[PDB]
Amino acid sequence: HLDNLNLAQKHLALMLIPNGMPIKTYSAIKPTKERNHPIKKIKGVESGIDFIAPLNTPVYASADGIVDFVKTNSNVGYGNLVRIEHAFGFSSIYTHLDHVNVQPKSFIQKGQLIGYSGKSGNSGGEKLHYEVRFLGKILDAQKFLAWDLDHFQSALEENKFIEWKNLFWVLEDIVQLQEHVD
């Protein structure tokens, strides 16, 4: 069934689950594993990815959801940050920000501006730190960056801890309900 998903299922998944790039301009992308981790201060921690980008680069939500946590005047650890809760257990986090433009409890639309990149906290310089998690579990963010309508299998290969078939069964019942209402 993961090979024969319909377009309605694909479009719905890409509104609800993080996908694509959260920033339009960057000079480099590097895993956080390869620098001193913002909290643990050692290399080798599986912890998402950093977009090397100049101060004040706009940062955009990677899927619909709700803001559940922000830090707006912090210069320690992750620094200023936004965490977005998405459907079906996914979350995305955006850190080291210069400025935060959304409030906790605010509903979020995919592509909405949520802040401006900075160097706050233990950043190692001007960059956006980005993580995608599933019930708090760290995932390979690159698989979600590369996920789009023309590359739909990308995120589905993050399959060890996520039961994608069962998620798409749930989404099929949502798409069928709207076809019945058309």
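The numbering used is simple: start at 1 and walk along the sequence shown.
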request  = May I ask you to compare 47 to 55 and 147 to 155 by their mean CA B factor in the entry and name the higher one?
outcome  = 147 to 155
remark   = Between 6 to 14 and 19 to 27, the record assigns the higher mean Cα B factor to 6 to 14
key: Which of 103, 112, 92, 80 ranks first by CA B-factor in the deposited coordinates   = 103
Peak C-alpha temperature factor (PDB record), options 66, 139, 42, 135 = 42
